[PDB]
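Engineer: Sequence and experimental coordinates follow.
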Amino acid sequence: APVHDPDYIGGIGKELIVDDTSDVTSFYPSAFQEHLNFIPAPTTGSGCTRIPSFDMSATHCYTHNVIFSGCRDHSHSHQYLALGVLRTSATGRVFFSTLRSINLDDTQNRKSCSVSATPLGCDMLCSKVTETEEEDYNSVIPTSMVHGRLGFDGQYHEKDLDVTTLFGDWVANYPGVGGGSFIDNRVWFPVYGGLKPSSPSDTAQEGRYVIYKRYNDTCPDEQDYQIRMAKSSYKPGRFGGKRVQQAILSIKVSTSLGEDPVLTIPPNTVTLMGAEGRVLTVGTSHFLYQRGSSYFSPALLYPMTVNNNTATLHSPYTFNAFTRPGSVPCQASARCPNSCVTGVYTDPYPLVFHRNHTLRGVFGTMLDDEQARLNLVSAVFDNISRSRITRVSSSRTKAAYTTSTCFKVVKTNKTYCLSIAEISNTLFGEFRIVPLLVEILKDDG
Amino acid sequence: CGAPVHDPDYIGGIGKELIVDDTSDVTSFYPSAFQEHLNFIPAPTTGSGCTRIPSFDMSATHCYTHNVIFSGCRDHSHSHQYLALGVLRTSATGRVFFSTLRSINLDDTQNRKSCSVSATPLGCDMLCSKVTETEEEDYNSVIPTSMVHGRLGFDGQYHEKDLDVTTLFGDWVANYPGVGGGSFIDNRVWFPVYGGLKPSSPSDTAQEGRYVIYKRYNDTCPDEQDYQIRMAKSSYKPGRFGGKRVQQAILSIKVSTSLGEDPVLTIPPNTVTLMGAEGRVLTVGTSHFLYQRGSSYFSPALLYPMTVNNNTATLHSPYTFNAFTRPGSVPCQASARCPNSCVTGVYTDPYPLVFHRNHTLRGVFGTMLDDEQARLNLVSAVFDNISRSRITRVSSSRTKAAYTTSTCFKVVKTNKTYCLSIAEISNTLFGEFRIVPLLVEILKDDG
Amino acid sequence: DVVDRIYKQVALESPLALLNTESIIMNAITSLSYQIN
Amino acid sequence: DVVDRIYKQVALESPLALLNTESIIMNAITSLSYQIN
Amino acid sequence: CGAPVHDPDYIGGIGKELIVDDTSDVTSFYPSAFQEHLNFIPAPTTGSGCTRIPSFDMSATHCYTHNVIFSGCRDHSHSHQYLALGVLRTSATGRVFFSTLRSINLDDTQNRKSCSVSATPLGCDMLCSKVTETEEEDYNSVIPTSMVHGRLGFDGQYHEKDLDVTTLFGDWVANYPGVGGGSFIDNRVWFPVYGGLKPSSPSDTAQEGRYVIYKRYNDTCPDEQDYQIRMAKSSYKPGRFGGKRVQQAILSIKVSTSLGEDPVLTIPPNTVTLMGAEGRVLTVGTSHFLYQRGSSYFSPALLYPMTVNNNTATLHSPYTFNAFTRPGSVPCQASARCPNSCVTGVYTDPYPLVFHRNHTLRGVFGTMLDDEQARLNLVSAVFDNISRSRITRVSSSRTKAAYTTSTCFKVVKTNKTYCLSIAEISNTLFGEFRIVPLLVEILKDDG
Amino acid sequence: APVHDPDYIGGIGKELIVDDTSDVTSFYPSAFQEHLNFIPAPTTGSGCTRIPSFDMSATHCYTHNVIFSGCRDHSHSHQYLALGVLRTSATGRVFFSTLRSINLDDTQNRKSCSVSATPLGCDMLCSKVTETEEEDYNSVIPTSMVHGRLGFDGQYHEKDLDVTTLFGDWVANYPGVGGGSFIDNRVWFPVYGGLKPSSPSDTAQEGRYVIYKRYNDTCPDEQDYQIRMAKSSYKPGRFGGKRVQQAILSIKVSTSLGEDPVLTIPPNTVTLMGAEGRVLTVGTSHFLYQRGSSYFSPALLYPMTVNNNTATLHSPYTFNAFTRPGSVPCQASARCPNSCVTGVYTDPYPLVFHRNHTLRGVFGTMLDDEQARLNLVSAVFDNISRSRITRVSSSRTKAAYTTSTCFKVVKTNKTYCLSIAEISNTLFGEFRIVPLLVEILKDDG
Amino acid sequence: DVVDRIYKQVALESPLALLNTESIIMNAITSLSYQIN
Amino acid sequence: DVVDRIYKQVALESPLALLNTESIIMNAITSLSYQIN
């Protein structure tokens, strides 16, 4: 029955910075703080740690993947799940210390995974796939899926899910790799995949769409041109014409794992091509982040709502200057809608608030580049602008994921943000997940 | 949470003579390729902080400590120190992994620099040395070197007391731990110590006009007998520090609730020991050994058999392993033949595996940096008087190294033998300065 | 005569018999330490 | 003479004293694991 | 409160072969006068309630139980039962005393009557028998006798389960414990059992046409060989109960968290055992014994050496002590020579003291009621094949007795040997029916 | 840190039966109840247990003496002190179980002793005397004295007291063997002895006196006859003319034993020849019982008061029908005052109360006989009458002491009284201390 | 020769050496059980 | 022949294995008495 040190007590799962009088981008990250690292690194030049997932409530939940044979051979892999708490050191130094940990080494392959912090432990939603995507989209059956939890007891239990009846309309199905959220007794996982052509869940998603545009730029393309693309986007070429729809799954947290699954596929009127993403609850406000894998790069956060066991997404917040770099003409600066799949997962943690409770600004680490996945940088962002920053490295640095969660310490009253990133460097090493710690500061004063 | 005792799978497997055969050929035993287990020794959180100088020891509890420096591994003037207490476990699928059940990081201003851990019934004992200045400077000092005896308990709390060094160490200009693990024997912790002596002190003059000369197997020195006897004498006062005698010592503090209790230094005759250097006091089964780093002219790995009297230990003519070398600068290099004055070389643990029923040592395991001069290309293998086994390379790239520390246990349930070999490696794949707990399975030939 | 040869046990059976009574006692002690509440 | 056989109790008597003091401890450690409230 | 372990003063002193000498004369060892220690076994609160039928056993924990009857020790129909868990201690001045750290009294309606305690790792185990009717009646029964296996733990809580007697005991008309302590061996409690057998049952017919005849030392029976063989046969079906075979048994329940686990009865051949009676299964050092009360024609104290197979035990030709007698009614009296049918005699424990290195039994300690016929004049002494030591009388008055149970330990610190001998005595000084834990120091002659 | 079972909680140290409408002697003892005996019996025909002392507050304190060589040789003896709690059994049966016990076997002789229950343990006041009384009264020095406590820790500590400065006026000094009482942070012990002729404490007690008479009888003796005796009583012949004055000692209960002794010798205007006795606190009311060792047999209880560290006794309650048997003409029925020493210690526990809070009746076991100490019987008594009864034995029975303490169980609401007696019988044995348990009952209904 | 006679230890020193390692281990276990809080 | 002396290690080697497995336990029981919070 673990829980955080008192200094943190009260400042964990709630709204951090509320100012109207403030100027959001006037907040900036401290240079990178030095704490005790909680994320295991590799024991070998063979195995590599990848695809991190993080969530925190009264407990801090973390999981990542260990592939083998130099980050190849999906066929096999382990999975790491840690359950932990935020502590202050004797000198008051912030550090994360995991109180309970389990590494899944069995022959089965959990591939994508996402963790959530629930009162009963760290819940996890993974998929068991022995094959590549491209083949999985030619699959005549939906993807196998598991739900499991690491109890405070330290014992770990997992219930497999019935993917045929639940997912029947889908050719492939995956967790979003992001964080899962505990809302109204349900664990809410980001999910995605693709679904059978001419299926109840398919047709319902045809003739429904949304086209988002950027701040100062406006697309040259005709609407009979544009609309025909944004149309062409939801069933991108790379994967053969099958439609890829975003989704959210909701299970009940109980001593019985895999209880009462309800899958909510929103309308594509409000939502773009399904990608990886996280679900967040800050205070009373819930959101789904979606990877920029489609034509639109800028950071995406959808305010979401609970209707009983179901869910509905509303008009998403847009953040420019926070951009997944992409292939053309989907790249970081793209104004116009097009069909593509490329991009990267970057967590935009909501930060600055109006008393309105709408969202002034968010903080996360992005990849600064037009096309390639390179040069990770941390900062806070505005509907338009970006703050001063802290670069992860001054040398060439390759990235895959950055997932951020921010918390404040009460007793001292200083705000810090954890942004977990998957980096490839000369100093850090090749495939390495680094729990970067940062503090927030007003500019003048 | 969790119980500070190795999973029963290990009961009977930790801390004993592992492989015992007279007839079999030691070097036919050999390491598997590198295994993948769950990793304990933590890496840094930034591109500044760097982990280094590791120390490890294990009994019923596994103790690990490593230093965390900053500003790109510069500015000694500050650092933290990480001490972890842990257990050897087997997974649900039977996989070996080291899980550390208790840890404390020391962030206070004070700098403990060279530090070594030992596994004692009461916790993890540690012997560090608080030094704000440079080794070169320190040897010019008019005072000894502050030294702490700390411990981490199973209650997860840390304590320590500063040894009174003006008496215990009063004859020394500089006093450091061996960075290699300590060992619990006869109700006391026993740590490696080394440093310089105040010229013409009691403990300095006791050591004058004495020395030891060790020669290699198929190789004999051209140098004139008298020549060597002279240069071999000068080996103990390397020109680096001005020629204060740099001597190997061992300190034994009584392990008890009150730290730093009744410390007694052991300063062996240099008719046995070489020029003092880093090292480890270890026990396998019923016998204890001191490892000395190759910092002097002598290339081959050494274990001086150690016997303990009361508060004092005695050292006997050392074991030697000829294919097991440190690299060194000339004419101290890996191929070094004759005696000489120098300070160079690297810390590589020769953990004993194959034993005679004679209870005499046949062969050892360790990761040696294989190269003549620089410290590069770490490789694990089994070593013997003359020869080394088939090897496991750590990588195919240029990868430098600082320390490697090896200890071998056995999971009894499966009756398979393993070796943990911890390396401080610097690499493209792993990272700039990174500590990797390399795991290996020991195998035979022809099966 | 034909006696020594049955003493091979003192260096054979006997020590191994100690290693057992150790291993089991240790297993006992081990489980017991698992009592941390 | 005759001391040959009389010591062969080395494989009879002592291997017991072991087993006996073994069980004494084991029982005493067992009763202990029951003394935790 | 308090820890259920004998003061360290006793470590190495409890439950072993106490005095071992081949050359010395057993009977030259002998009891001191009666010592004064602090008293454990509690006396009654009224002139009605009366304590009786005591049982004792000790390992690392000391277990004692005695029955509390009412209406002047009449009306079996009701009673309580007192089970105490305790430790051997030494005072500040070094005085020996038994302090009982945990006790429970059983006041529920149910009557456990004949009961015996054993010391097991998990607590004090007890085997009682729930009987509302008379022994004479019970032997006329068409059903077995309800039997409980209870235990008191170190958590001071009591539990029990009724053995299923229609199967286990199905061949018996009446089934009782020996009132003498049980013993823990090979991960099981082993209790003495005795009673009648259903005529012509499987276990009855197995015992027909068989018997044992034991004769005394300097004394030989006049009776014709055939005569004896006949009367010796009839000894097993005493006229008291109508001639159902009254047989000695031992039951072993597995000691575990769940009581009454896997019980297995041992019903030895009557070529070894006499007509069944009260008794105790005891272990001293590496060997185990069964005591049988003298209830048949045989006067001298008996210990059948007991060896345990798996769930079954086997009995070998009994030890005998000729100067150690029960009194008995004729022609069963203390001086009894030949075989005969009868039920008489008394329970007196022969606790083994002097041993051969042969590991064979020389002499024993116990309090015998010294008299031919009635049960009177208890006296403690050391006994031997032929002879008894100098004695310690319990009193100079006419004092009757029911049970005496003796076990001998040694305080190792002082290296002095003691014997606890518990007696149910009836006296002017002590009281009507009173249980007195008599303590004695064992001494030598000529020192 | 022990304490009683809840069923007793609330009913321990407080007033038991309050009725004006009632008739006191209409209450009677149940026959003798059967519980689990807490008082150790002898291990031998040599040693004998004698001189019991009992007290209870939140803890139950008991101590007695073990003499040797067939109840002879004062020279040596042990002392037993038990610390315990009142428990209910599973079937609800009342029993006393001592949770902490210590037997003092050392060469020193604590002779008379009295125990009190204090928040810090069981406090005890004994004397160390190696000689008989008759010789102790020829003593040129006061009697050595000890104060000690059995902690809940089980550890026992004892501080000797300075008898010369404290007791200087006394030739001999002893604890009253009764119970000690905890009042206003002081342990209050009954004490007695005799004091040096012509001493500050002596002369003050000359010319001061009290003469008590019985209910229906009035002495024939002249006052110039009587007054001259009651005079002659305080310095009885047996002991050589030395005056024997009752007394009470008060020590502070603290981690430091033997702290701040203050000895209070009351005036003999209010008090008779000093004897053994107990000090009791029931609810808010305090009392000193005094043995009937002098000319006046009937049960004696003095209401006492605390002035800081000092004490003052008031007019004592009288109970007829409760009579220490005595030698002539001091015997059980004696009307007239005379000088004698004979009698017996019998505890009169206060029971029935007026709302006035004065004392209607008391309960204890007495010895029914004119002269000899024989035939112990339990009952409740009135200023005049006595109840129905329960006899301890129908055979010849010798007694020494009876000390009673009464308590109620709340949960069940039944009142029981423990009367500890020192008996000599054929059934019980020779010198035997038996914790007789009794219940109280209304007569009709 | 002159060898047996130095084996008197196996039945002399040896067993007594077991009794010690028992007694001490037991002392250990004993103290430990004194930990009942 | 020669087996005489070679077993006399009965008074050398094994009396150690005892002392060693002794201390192993003692240390393991000691560390345990430190694990109580």
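Structural biologist: Here it is on my side, so go on. Numbering: from 1, shown residues only, chains lettered A, B, ... in the order given.
Engineer: Closest approach to chain E from the stretch 301-445 of chain A, which residue is it?
Structural biologist: residue A:411 (40.7 Å; Cβ to the nearest Cβ). Just so you know, the C-beta spots here come from the backbone N, C-alpha and C atoms, and that holds for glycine as well.
Engineer: Pull up the gap between the residue lying closest to that residue once chain neighbours are set aside and residue A:90, please.
Structural biologist: Leaving aside its sequence neighbours, residue A:411 sits nearest to residue A:7 (Cβ to Cβ, 6 or more residues apart in numbering or on different chains; 3.9 Å). Applying Cβ to Cβ, to the nearest Å, one obtains 12 Å for the distance of residue A:7 from residue A:90.
Engineer: These two: who's more crowded?
Structural biologist: Ranked by neighbour count (other Cβ atoms under 10 Å in any protein chain shown), residue A:7 and residue A:90 place residue A:7 first, with 19 against 11.
Engineer: What separation is there between the closest residue to chain C within chain A and residue F:420?
Structural biologist: Distances from chain A to chain C, computed as Cβ to the nearest Cβ, single out residue A:1 as the nearest residue at 11.6 Å. When Cβ to Cβ is the yardstick, residue A:1 and residue F:420 sit 50 Å from each other.
Engineer: Neighbour count: those two, which is higher?
Structural biologist: The residue with more neighbours, out of residue A:1 and residue F:420, is residue F:420; 22 against 6, by other Cβ under 10 Å.
Engineer: Let me see the contact set for the more buried one.
Structural biologist: Contacts of residue F:420 were listed using Cβ atoms under 8 Å, 6 or more residues apart in numbering or on different chains, and they are F:39, F:52, F:54, F:62, F:401, F:402, F:403, F:404, F:433, F:434, F:435, F:436.
Engineer: Mind doing that once more with 7 Å?
Structural biologist: In this structure, residue F:420 makes contact with F:52, F:54, F:402, F:403, F:433, F:435, judged by Cβ atoms under 7 Å, 6 or more residues apart in numbering or on different chains.
Engineer: contacting residues for the residue nearest to residue A:411?
Structural biologist: Remark: with contacts taken as Cβ under 7 Å, 6+ apart, residue A:7 is in contact with A:88, A:409, A:410, A:411, A:412.
Engineer: which ones are touching residue A:433?
Structural biologist: The neighbourhood of residue A:433, defined by Cβ under 7 Å, 6+ apart, consists of A:39, A:49, A:52, A:64, A:420, A:422.
Engineer: List the buried residues of stretch A:347-359.
Structural biologist: Under the neighbour-count criterion of 16 or more other Cβ atoms under 10 Å in any protein chain shown, stretch A:347-359 has A:347, A:348, A:349, A:350, A:351, A:352, A:353, A:359 buried.
Engineer: gap between the first one and chain B?
Structural biologist: Right, residue A:347. 18 Å (Cβ to the nearest Cβ, to the nearest Å).
Engineer: Also the fifth one?
Structural biologist: From residue A:351 over to chain B the distance is 21 Å, taken as Cβ to the nearest Cβ.
Engineer: any idea which helix or strand carries that residue?
Structural biologist: Counting by DSSP states H and E, the element that carries residue A:351 is strand A:349-353.
Engineer: Sheet-wise, list the partners of that strand with their directions.
Structural biologist: Listed by DSSP bridges, the sheet partners of strand A:349-353 and their directions read strand A:17-18 (parallel), strand A:359-367 (antiparallel).
Engineer: from the contacts of residue A:7, which single one is nearest residue A:13?
Structural biologist: residue A:410 (12.8 Å; Cβ to Cβ).
Engineer: Looking at chain A, what residue ends up closest to chain B?
Structural biologist: Across chain A, the shortest distance to chain B (Cβ to the nearest Cβ) belongs to residue A:429, at 3.4 Å.
Engineer: Tell me who's in contact with that residue.
Structural biologist: Contact partners of residue A:429, counting by Cβ under 7 Å, 6+ apart, are B:427, B:429, B:430, B:431, B:434.
Engineer: let's see 10 Å
Structural biologist: Remark: with contacts taken as Cβ atoms under 10 Å, 6 or more residues apart in numbering or on different chains, residue A:429 is in contact with A:41-42, A:45, A:48, A:423, B:43, B:425, B:427-432, B:434, B:436.
Engineer: And for residue A:41?
Structural biologist: The contact partners of residue A:41, taken as Cβ under 10 Å, 6+ apart, are A:47-49, A:428-429, A:431-434, B:39, B:41-44, B:430-431, B:434-437.
Engineer: Repeat that for residue A:344.
Structural biologist: Shown here is residue A:344, whose contacts under the criterion Cβ under 10 Å, 6+ apart are A:275-276, A:291-293, A:297, A:323-326, A:366-367, A:369, A:373, A:376, A:399-402, A:422.
Engineer: So which of these are in strands?
Structural biologist: Under the assignment DSSP state E, those contribute A:323, A:366, A:367, A:376, A:399, A:400, A:401, A:402, A:422 to strands.
Engineer: Would you reformat these as JSON lines and include neighbour count?
Structural biologist: Below are the ones in strands among the contacts of residue A:344 laid out as JSON lines (neighbours: other Cβ atoms under 10 Å in any protein chain shown):
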{"residue": "A:323", "neighbour count": "27"}
{"residue": "A:366", "neighbour count": "28"}
{"residue": "A:367", "neighbour count": "25"}
{"residue": "A:376", "neighbour count": "29"}
{"residue": "A:399", "neighbour count": "26"}
{"residue": "A:400", "neighbour count": "18"}
{"residue": "A:401", "neighbour count": "25"}
{"residue": "A:402", "neighbour count": "26"}
{"residue": "A:422", "neighbour count": "23"}
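Engineer: near chain B at all, the helix or strand containing residue A:67?
Structural biologist: Applying DSSP H and E as the criterion places residue A:67 in strand A:60-67. Yes. Using Cβ under 10 Å from any Cβ of the partner chain as the criterion, contacts between strand A:60-67 and chain B involve residue A:66.
Engineer: Could you identify the helix or strand that succeeds that strand?
Structural biologist: Note on strand A:60-67: by DSSP H and E, the next helix or strand toward the C-terminus is strand A:78-88.
Engineer: other SSEs contacting that following strand?
Structural biologist: Contact partners of strand A:78-88 among helices and strands, from 3 or more Cβ pairs under 10 Å, 6 or more residues apart in numbering or on different chains; DSSP states H and E: strand A:48-56, strand A:60-67, strand A:94-104, strand A:110-118, strand A:121-128, strand A:144-150, strand A:398-409.
Engineer: Phi, psi for the closest residue to chain F within the stretch 301-445 of chain A please.
Structural biologist: When scored by Cβ to the nearest Cβ, the stretch 301-445 of chain A has residue A:411 as its residue closest to chain F, at 34.6 Å. Here is the backbone geometry of residue A:411 (degrees, to the nearest 10): phi -50, psi -50.
Engineer: hmm, back to that, pull out the buried residues from the contacts of residue A:7.
Structural biologist: The buried subset of these (16+ other Cβ under 10 Å) comprises A:88, A:409.
Engineer: residues of stretch A:138-157 that come out buried?
Structural biologist: Using 16+ other Cβ under 10 Å as the burial criterion, the residues of stretch A:138-157 that qualify are A:139, A:142, A:143, A:144, A:145, A:146, A:147, A:148, A:149, A:150, A:152, A:156.
Engineer: Max pairwise distance over those: which two?
Structural biologist: Based on Cβ to Cβ, the longest span within these runs between A:139 and A:152 and measures 37.3 Å.
Engineer: all helices for chain A, in order.
Structural biologist: Ranges of helices in chain A, per DSSP state H, are A:133-136, A:163-167, A:200-203, A:223-233.
Engineer: nearest residue to residue A:272 other than its sequence neighbours?
Structural biologist: For residue A:272, the nearest residue in space outside its immediate sequence neighbours is residue A:294; the separation is 4.9 Å by Cβ to Cβ, 6+ apart.
Engineer: My read is that that neighbour contacts residue A:234, right?
Structural biologist: Yes. Counting by Cβ atoms under 10 Å, residue A:294 touches residue A:234, with 8.5 Å between them.
Engineer: between those two, what contacts are shared?
Structural biologist: A:244, A:246, A:272, A:273, A:274, A:339.
Engineer: If anything else comes up later, I'll come back, but that's it for now.
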